[PDB]
Amino acid sequence: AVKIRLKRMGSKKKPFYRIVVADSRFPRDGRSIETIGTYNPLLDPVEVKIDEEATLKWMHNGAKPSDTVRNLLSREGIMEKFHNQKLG
Amino acid sequence: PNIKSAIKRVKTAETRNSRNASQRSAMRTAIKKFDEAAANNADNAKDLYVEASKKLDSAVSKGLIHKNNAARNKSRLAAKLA
Amino acid sequence: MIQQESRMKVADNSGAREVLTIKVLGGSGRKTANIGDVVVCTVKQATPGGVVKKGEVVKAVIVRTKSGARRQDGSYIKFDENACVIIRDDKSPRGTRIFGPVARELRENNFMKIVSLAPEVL
Amino acid sequence: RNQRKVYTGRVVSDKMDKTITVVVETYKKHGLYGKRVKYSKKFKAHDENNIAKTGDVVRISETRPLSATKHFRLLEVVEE
RNA sequence: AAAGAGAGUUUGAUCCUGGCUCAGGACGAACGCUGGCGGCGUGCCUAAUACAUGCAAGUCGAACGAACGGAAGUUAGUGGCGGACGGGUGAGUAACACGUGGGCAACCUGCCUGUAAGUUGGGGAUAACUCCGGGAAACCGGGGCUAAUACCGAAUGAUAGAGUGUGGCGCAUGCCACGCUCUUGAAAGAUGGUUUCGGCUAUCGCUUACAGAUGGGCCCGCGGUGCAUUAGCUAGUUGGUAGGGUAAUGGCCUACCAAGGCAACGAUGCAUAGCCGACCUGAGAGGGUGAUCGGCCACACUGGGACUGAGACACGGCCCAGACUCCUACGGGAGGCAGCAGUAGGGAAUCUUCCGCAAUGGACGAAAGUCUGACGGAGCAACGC
RNA sequence: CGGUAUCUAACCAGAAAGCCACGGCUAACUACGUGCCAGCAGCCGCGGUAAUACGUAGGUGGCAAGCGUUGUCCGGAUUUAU
RNA sequence: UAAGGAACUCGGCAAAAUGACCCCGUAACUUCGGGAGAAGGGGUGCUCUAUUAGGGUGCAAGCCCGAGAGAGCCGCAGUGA
Ligand SMILES: [Mg+2]
Ligand SMILES: [Mg+2]
Ligand SMILES: [Mg+2]
Ligand SMILES: [Mg+2]
Ligand SMILES: [Mg+2]
Ligand SMILES: [Mg+2]
Ligand SMILES: [Mg+2]
Ligand SMILES: [Mg+2]
Ligand SMILES: [Mg+2]
Ligand SMILES: [Mg+2]
Ligand SMILES: [Mg+2]
Ligand SMILES: [Mg+2]
Ligand SMILES: [Mg+2]
Ligand SMILES: [Mg+2]
Ligand SMILES: [Mg+2]
Ligand SMILES: [Mg+2]
Ligand SMILES: [Mg+2]
Ligand SMILES: [Mg+2]
Ligand SMILES: [Mg+2]
Ligand SMILES: [Mg+2]
Ligand SMILES: [Mg+2]
Ligand SMILES: [Mg+2]
Ligand SMILES: [Mg+2]
Ligand SMILES: [Mg+2]
Ligand SMILES: [Mg+2]
Ligand SMILES: [Mg+2]
Ligand SMILES: [Mg+2]
Ligand SMILES: [Mg+2]
Ligand SMILES: [Mg+2]
Ligand SMILES: [Mg+2]
Ligand SMILES: [Mg+2]
Ligand SMILES: [Mg+2]
Ligand SMILES: [Mg+2]
Ligand SMILES: [Mg+2]
Ligand SMILES: [Mg+2]
Ligand SMILES: [Mg+2]
Ligand SMILES: [Mg+2]
Ligand SMILES: [Mg+2]
Ligand SMILES: [Mg+2]
Ligand SMILES: [Mg+2]
Ligand SMILES: [Mg+2]
Ligand SMILES: [Mg+2]
Ligand SMILES: [Mg+2]
Ligand SMILES: [Mg+2]
Ligand SMILES: [Mg+2]
Ligand SMILES: [Mg+2]
Ligand SMILES: [Mg+2]
Ligand SMILES: [Mg+2]
Ligand SMILES: [Mg+2]
Ligand SMILES: [Mg+2]
Ligand SMILES: [Mg+2]
Ligand SMILES: [Mg+2]
Ligand SMILES: [Mg+2]
Ligand SMILES: [Mg+2]
Ligand SMILES: [Mg+2]
Ligand SMILES: [Mg+2]
Ligand SMILES: [Mg+2]
Ligand SMILES: [Mg+2]
Ligand SMILES: [Mg+2]
Ligand SMILES: [Mg+2]
Ligand SMILES: [Mg+2]
Ligand SMILES: [Mg+2]
Ligand SMILES: [Mg+2]
Ligand SMILES: [Mg+2]
Ligand SMILES: [Mg+2]
Ligand SMILES: [Mg+2]
Ligand SMILES: [Mg+2]
Ligand SMILES: [Mg+2]
Ligand SMILES: [Mg+2]
Ligand SMILES: [Mg+2]
Ligand SMILES: [Mg+2]
Ligand SMILES: [Mg+2]
Ligand SMILES: [Mg+2]
Ligand SMILES: [Mg+2]
Ligand SMILES: [Mg+2]
């Protein structure tokens, strides 16, 4: 089951996450299908950059955001679009 | 075994082995008594194709044979019917 | 019934494979040894890389024979080949494992370690 | 429709049934000096009706494996 | 754009040819003398040698029969899913193993997403439990009783099979769409709202079919090593005909028929070696390497085999054989650190038997939640920047 | 992780410098001891009672929490030369 | 003739052992012919398919020759002396 999740990279006690699409089976920092965006939690206003087009393409093919990703996509505001394109 | 979840697997697989071997050899007997009937051109050759067909695709629903395997064998037996 | 020039297989873990008997200990004109009897012998065939080499003079104990022993209760035992175990100055074997069945008569001769190591004491 | 690969060579042997041996000649420059060199490796093609004869110039197309070694089929007989 | 340094040494003295040596850079390095700190990384290259002792794979009572509680509320076994992922090692392998580019009209795919049909009616058991019997122990038999989303028939339902009609087609074998006749193939309930109780209904499920996505299987062109003081190699070998088997083509296997196939453009044999992205050096072209990080492969004490499953011929699963260690009441039994630490040995040479699931990602669950030596951190060593 | 990183308040020049070379290649030289001995060395080669080459001092030169030696690879090597 | 198997003896003298047909395979050395039946192994009986597949003979009737296979059956043993 392919799902979108964070990927930890950076230095010791300085994490930086890169939103990727990959299977659950593959390692956390291993194979991935493609990359969507990044996520910096250290910045006090957390800044995130997303494709907003590859995500919606993937979520109509059987992709599920994880716990932290869903908060990111909701705050950015594309799960509304996933709502509207589903029923419309 | 020495992981508690592994002791169950070794003994629950034997129960599946027992049930599978029993009805897998039931399938082969129906085929065994068809091709010999086809050679003799008896009247039983026609209706021995039906339960052999019934045995083959019942095994698919039971899940111990692939649907391509069942579909293939039925076609090849039908040729021998003459 | 094993006398001089008799040639018997060795049934332990030392380097030897086959043995020819030189002398039957235990008397002046003695001419035969049987199960449980120590015999002086020489190595005619050895496995490569073993402890005991070819052409070496050693003593050993007979452990099973084609003409076995009779018991006080009137019963007999007979094997299919003549086998041997190479021992030290005392009654301790020079190998670490023993192959095949072993006659019970070795216990009464106080060959306790060999009986302990044997896979079957018949 | 995706298209398979087609080659062109010269028949060498027809002593086998239903098949021919075709040598394909090709160029390839040397790795370090840079001089073009002949390179020929022969294939196996399926002769449906033994049409092709020794020495002919033919065209062969790629297919699924027809046998242990054959995975090409004869297409045209350009020259005899 | 970039763009290349020489020196010493044969002679009584010289100019050429020519070898040897030196000045530079880099290590997973070691040794010698010395030694303050912080940040970021690295640390068995040898014996794929043998392994004490702890922990690394479980979860679900919202699928089915118990103990505390005056019978409210929380905790073993059957059953489902997961253990094929994550983690380790480089032995073997000179070949479609890998890199790069294609083909599959010759293939499969649990969980995930969408859509369409339904989820109707029965039967016989068996664990647990309770007695008896055997053995030192591992553990094995016999009698009786019970349930389930456990198991087995039944009604209805195929683009599954056979026989056809049409069209539109393609790359030879052949493909796509629709229609007709005949024969086979399915299922499970649980937790709640309403009503009345009939019944309806929400959620998670269950069966069949088709799409997408994902992960794999097979075939092919080209590319990357030493020896000719290694010249022939092969017989299921090479092709064909019929059948068997597989998810799928194929000598993959079998019977028959013929004698073919490969090689001086280096077959065969011996020796060595996991492959690549990349790393070091170099003006460049090249030369040497493949530790750490990422992708693929092979292996799991040494050989062989298969079962269960969507997926294995399976690191902490099973059976047989072998070597080794251990427990035996002599009848028989139990094991596998190339998982994280740690021990002995080898070596010139390499670390703690530590703290947590708080973050990320995994398995189970409807969810809190449980498991996670993955992973986050900490400890030792001027090993490097 | 962890009262960790990070601030501000005060006292102390106080606890904190070694390693290798100095004939040429190659930056850096004088005394004393020894007398083909002890010894040095990558090459040329130094030592046989005035040694800038052996051993120790003073001084100097390269680096510095380092500095030297050994092993392996590329360069210089146009010394396999497309 | 049990167990042993040259311990006998000047010396394996004498005796024992191998022995037919078909198939596989075969070394040093060589004067290139050999060595060579080197060595070392495997199969043999009877019944059915079977007047076989196919050959010799004849104008036909018929007669003679007889490989491969499959399935079986019986003994301690199938060139059973
Ligand atoms: Mg914040
Ligand atoms: Mg049915
Ligand atoms: Mg001179
Ligand atoms: Mg020169
Ligand atoms: Mg340089
Ligand atoms: Mg240097
Ligand atoms: Mg210190
Ligand atoms: Mg120190
Ligand atoms: Mg290692
Ligand atoms: Mg090993
Ligand atoms: Mg243990
Ligand atoms: Mg734990
Ligand atoms: Mg309950
Ligand atoms: Mg549930
Ligand atoms: Mg329980
Ligand atoms: Mg793995
Ligand atoms: Mg390897
Ligand atoms: Mg590796
Ligand atoms: Mg590829
Ligand atoms: Mg019942
Ligand atoms: Mg019972
Ligand atoms: Mg019962
Ligand atoms: Mg139906
Ligand atoms: Mg039905
Ligand atoms: Mg389903
Ligand atoms: Mg994979
Ligand atoms: Mg294939
Ligand atoms: Mg190749
Ligand atoms: Mg075929
Ligand atoms: Mg083959
Ligand atoms: Mg080769
Ligand atoms: Mg250069
Ligand atoms: Mg380069
Ligand atoms: Mg390592
Ligand atoms: Mg080991
Ligand atoms: Mg299966
Ligand atoms: Mg295995
Ligand atoms: Mg496993
Ligand atoms: Mg494997
Ligand atoms: Mg694994
Ligand atoms: Mg283990
Ligand atoms: Mg064992
Ligand atoms: Mg370890
Ligand atoms: Mg050690
Ligand atoms: Mg040591
Ligand atoms: Mg966690
Ligand atoms: Mg989590
Ligand atoms: Mg779920
Ligand atoms: Mg645990
Ligand atoms: Mg822990
Ligand atoms: Mg870690
Ligand atoms: Mg440090
Ligand atoms: Mg040091
Ligand atoms: Mg404080
Ligand atoms: Mg401050
Ligand atoms: Mg002050
Ligand atoms: Mg100078
Ligand atoms: Mg002086
Ligand atoms: Mg000097
Ligand atoms: Mg000096
Ligand atoms: Mg000084
Ligand atoms: Mg100084
Ligand atoms: Mg520094
Ligand atoms: Mg250094
Ligand atoms: Mg060096
Ligand atoms: Mg060069
Ligand atoms: Mg006799
Ligand atoms: Mg006898
Ligand atoms: Mg003999
Ligand atoms: Mg003799
Ligand atoms: Mg005598
Ligand atoms: Mg004499
Ligand atoms: Mg004679
Ligand atoms: Mg005939
Ligand atoms: Mg005879």
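Cut-offs used in this document
Residues numbered from 1 in each chain as written, not as in the entry; some residues may be left out. Chains lettered and ligands numbered in written order. Part of a larger assembly, values for the part shown. Heavy atoms only, no water. UniProt positions renumbered as here; feature names shortened; annotations may be inferred. Helix = DSSP H or I, 4+ residues; strand = E, 2+ residues; numbered from the N terminus. Buried < 20%, exposed > 50% of the residue type's maximum accessible area, 1.4 Å probe, protein only. Areas by Shrake-Rupley, 256 points an atom, 1.4 Å probe, with all protein chains shown as cover. Rg over C-alpha atoms; globule rule 2.2 N^0.38 Å. Contact = heavy atoms within 4.5 Å. Near = heavy atom within 4 Å. Polar contact = N/O pair within 3.5 Å; in protein donor to acceptor, adjacent residues only side chain to side chain. Nonpolar A, V, L, I, M, F, W, Y, C, P; charged D, E, K, R; others polar. Salt bridge = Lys/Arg side-chain N within 4 Å of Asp/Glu carboxyl O. Patch = residues over 30% accessible without salt bridge, like charges linked within 9 Å, V, L, I, M, F, W, Y side chains within 5 Å. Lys, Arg positive; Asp, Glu negative; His and termini not counted. Charge placed at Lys NZ, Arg CZ, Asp CG, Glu CD. Pairing = 2+ DSSP bridges. Axes fitted to C-alpha atoms, helices over the stretch in contact; angles between N-to-C directions. Parallel < 35°, antiparallel > 145°, perpendicular 65-115°, else oblique. Core = buried A, V, L, I, M, F, W, Y, C linked by side-chain atoms within 4.5 Å.

Method of structure determination, per the deposited record: cryo-EM was used for this entry, reaching 3.0 Å resolution.

As annotated in the PDB entry, chain D is Small ribosomal subunit protein uS17 from Listeria innocua. Recorded in the entry header as its title is "Cryo-EM structure of the Listeria innocua 70S ribosome in complex with HPF (structure I-A)". In its Sequence similarities (unreviewed entry) section, the UniProt record describing chain D reads: "Belongs to the universal ribosomal protein uS17 family." In UniProt, chain D has this text filed under Function (unreviewed entry): "One of the primary rRNA binding proteins, it binds specifically to the 5'-end of 16S ribosomal RNA."

Going by the annotation in the PDB entry, the name recorded for chain A is Small ribosomal subunit protein bS16, with Listeria innocua given as the source organism. Under Sequence similarities (unreviewed entry), UniProt gives the following word-for-word description of chain A: "Belongs to the bacterial ribosomal protein bS16 family."

## Comments concerning the overall build of chain D
Looking only at helices and strands, chain D has zero helices and five strands in total. From first element to last, N terminus to C terminus, chain D shows the α and β order β-β-β-β-β. For the C-alpha atoms alone, the extent of chain D along its principal axes is close to 45 × 35 × 25 Å. Looking at chain D as a whole, 25% of its 80 residues qualify as buried. Carbon and sulfur atoms make up 48% of the accessible area of chain D, which totals about 6300 Å².

## Looking at the overall build of chain A
When helices and strands are tallied, chain A shows three helices and six strands. If you list the helices and strands of chain A from N to C, you get β-β-β-β-β-α-β-α-α. A compact globule built from 88 residues would reach a C-alpha radius of gyration of about 12 Å, and chain A, at 13 Å, matches this within 12%. For chain A, with 88 residues in total, the buried portion stands at 33%. For chain A, long-range pairs separated by at least 24 residues make up 31% of all intrachain contacts whose partners lie at least 6 apart in sequence. If you sum the accessible surface of chain A, you get close to 5900 Å²; carbon and sulfur atoms cover 51% of it.

## Quick word on the arrangement of the chains
There is a clear gap between chain A and chain B: no contact, and 21 Å between their nearest C-alpha atoms. Nowhere do chain B and chain C come into contact; their C-alpha atoms are at least 27 Å apart.

## Observations regarding the protein's contact with RNA strand F
Close to RNA strand F lie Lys13(A), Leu32(D) and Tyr33(D), which account for all nearby residues. Within the side chain of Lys13(A), one N or O atom sits 3.4 Å away from a sugar or linking oxygen of RNA strand F.

## Observations concerning the protein's contact with RNA strand E
The environment of RNA strand E is formed by 92 residues, the closest being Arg28(A), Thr68(A), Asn2(D), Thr69(D) and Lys70(D). Close to the protein, within 4 Å, the atoms of RNA strand E are drawn from sugar and phosphate at a rate of 76%. With 14 residues, the top contributor of residues to the surface near RNA strand E is helix α1 (residues 4-40) of chain B. Residue composition of the surface near RNA strand E, grouped by class: 20 nonpolar, 28 polar and 44 charged.

## A word on the pattern of salt bridges
Side-chain pairs of opposite charge can arise where the charged atoms are in close proximity. All names here are of chain C. A full pass over the atoms with the stated rule returns six salt bridges over all chains. For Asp37, the salt bridge goes to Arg30, with nearest N and O atoms at 3.3 Å. Assessed through its relative accessible area of 38%, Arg30 is described here as partly exposed. Linking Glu56 and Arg94 is a salt bridge whose minimum nitrogen-to-oxygen distance equals 4.0 Å. Within this pair, whereas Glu56 is found in the loop between β3 (38-46) and β4 (57-64), its partner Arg94 is found in the loop between β5 (83-86) and α1 (105-108), the two being separated by 38 residues in sequence.

## Overview of a negative patch on the surface
A contiguous patch of negative charge, built from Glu34(A), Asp51(A), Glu52(A) and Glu53(A), is present on the exposed surface. With respect to the helices and strands, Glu52(A) occurs in the loop between β5 (47-49) and α1 (54-59).

## Things to note about the UniProt feature "binding site: Mg(2+)" (unreviewed entry) in chain D
The sites that carry the UniProt feature "binding site: Mg(2+)" (unreviewed entry) are, in the present numbering, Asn2(D). Relative to the assigned elements, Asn2(D) resides in the segment before β1 (6-13).

## Some points on the pairing of β1(D)
All names here are of chain D. Sheet topology places β1 next to strand β4 (residues 57-62); five bridges connect them, and they run antiparallel. Each bridged residue has a counterpart across the sheet, and for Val6 the counterpart in β4 is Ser61. Relative to strand β2 (residues 19-29), β1 runs antiparallel, the two sharing three bridges. From the neighbouring strand, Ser13 faces β2, where its bridge partner is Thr21.

## Here's the deal with the packing of helix α2 (residues 44-62) of chain B against helix α3 (residues 67-81) of chain B
All names here are of chain B. Two numbers describe how α2 lies on α3: the axes approach to 9 Å, and their chain directions differ by 170°. Considering the angle they form, α2 stands roughly antiparallel to α3. Seen from α2, the contacting residues are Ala45, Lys46, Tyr49, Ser53, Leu56, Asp57 and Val60; seen from α3, they are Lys67, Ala70, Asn73, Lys74, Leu77, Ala78 and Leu81. Of the residues in the contact of α2 with α3, the class split is eight nonpolar, two polar and four charged.

## Regarding the nonpolar core
Ranked by internal contacts, the top residues of the largest apolar core, which has 18 residues, are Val21(A), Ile36(A) and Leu73(A). Put simply, the parts of the chain that give this core at least two residues each are β1 (2-5), β3 (14-23), β4 (34-40), α1 and α2 (67-76) of chain A. In terms of residues, this core owes the most to one element, α1(A), which gives four residues. Within the second largest apolar cluster, 16 residues are counted, among which are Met8(C), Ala33(C), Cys41(C) and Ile62(C).

## Looking at the sheet that holds strand β3 (residues 36-46) of chain D
Overall, mixed pairing links the five strands, which are arranged β1-β2-β3-β5-β4 (chain D) in a closed barrel. Neighbour-to-neighbour, the strand axes of the sheet open up by a mean angle of 45°, direction not taken into account.

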